[PDB]
């Protein structure tokens, strides 16, 4: 009947009420989002006189434990002196409130999915895509610091936040699904649209899976639409193969879930486009004025520009994670010069 003396629903979520003041300090304004972990609220800090985002974890042991891993990773990152850490949304403090762990973050404006919707799903400019890609490669380089070696594991537009609607600064958020290179047992990871082929295949995975997600995200930021909009894992792999063809034989040979998708030929599941015929050259509109032709003529949307972007994306979407382009090298690509 009642849960947590009435403060929780039956999903161990705190019943969010606008206007409440948690710890007589944080005035709850509205809900930012919901997740399996719990909720995120926009709140005004009446002590520091600033807006914050507060992540209120479900009042359940499994979700508290997960959130404690996130806190530890965030606090581990914060001991690093590099300016590269500023591409990670900063955890200000945390506290227990009515049996919920609450994480207080610096508040950003909205996420890149909001941004895509604000473009009516037709993309942002290649120039803004470049600024994004350079920041994200820099964030991924930070995560790759050996003492960290952190895999985000859930990169997607929802988990990249824009600081200020009038600027291009972005940051990565939500390390609740993350792990360090030494803590990997879970093989069903990443959001499906952004799921790397080594994961779909059941292979060893490392930080390179985030680079695969980055490549998918960057294409979607410029076209406005998900690159690989799989409805399931077979559909996901088929939509990958439409663009990138049949994976290398040496990979599929060592792939435990190869025959889930392939016979090396593709197995049959309306009909999908043949392998490689959905060329990225055409998706990007390299010689045809960008996505939908809408970028014809705009500065920094030349053939030379688009070819450089296609090359970087293709290096990010390498089938093999041992030769997938790595953050240090990605930052030196001509696309950024």
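Numbering follows the first chain given and starts at 1. Here, rigid core means the biggest group of C-alpha atoms that superpose within 1.5 Å across both forms.
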(request) Find the stretch among 24-32 and 283-291 with the larger RMS C-alpha deviation in 9 other deposited structures of this protein, all structures being superposed on the shown form by the rigid core. (result) 24-32
(message) Can you check whether 228-236 or 77-85 lies farther from the displayed model in 9 other deposited structures of this protein, averaging C-alpha distances as RMS after superposing on the core?
(response) 77-85
(request) Specify whether residue 270 falls into a modelling gap in a third or more of the other PDB entries of this protein. (result) yes
(message) Neighbours in the displayed sequence, residue 269 and residue 270 may still hide a gap; how many deposited residues lack coordinates there, none, 1 to 3, 4 to 9, or 10 or more?
(response) 4 to 9
(message) Neighbours in the displayed sequence, residue 263 and residue 264 may still hide a gap; how many deposited residues lack coordinates there, none, 1 to 3, 4 to 9, or 10 or more?
(response) 4 to 9
(message) Test of understanding: from the entry's C-alpha B-factors, which stretch has the higher mean, 151-159 or 232-240?
(response) 232-240
(request) Return whichever of 37-45 and 285-293 has the greater mean Cα B factor according to the PDB record. (result) 285-293
(request) Report the option among 111, 118, 129, 183 whose CA atom has the maximum B-factor in the deposited record. (result) 183
(request) Please work out which residue in 123, 248, 226, 146 has the highest C-alpha B-factor recorded for this crystal structure. (result) 248
(request) Divide the modelled residues of the chain into thirds by Cα B-factor and specify which third, lowest, middle or highest, holds residue 205. (result) highest
(message) Can you tell me whether residue 303 has a C-alpha B-factor in the lowest, middle or highest third compared with the other modelled residues of the same chain?
(response) highest
(request) Give the position of residue 173 by CA B-factor within its chain, expressed as the lowest, middle or highest third. (result) lowest
(message) Looking at the temperature factor on the CA atom of residue 83, which third of the chain's modelled residues does it land in?
(response) middle
(message) Test of reading the entry: by CA B factor among the chain's modelled residues, which third contains residue 273?
(response) highest
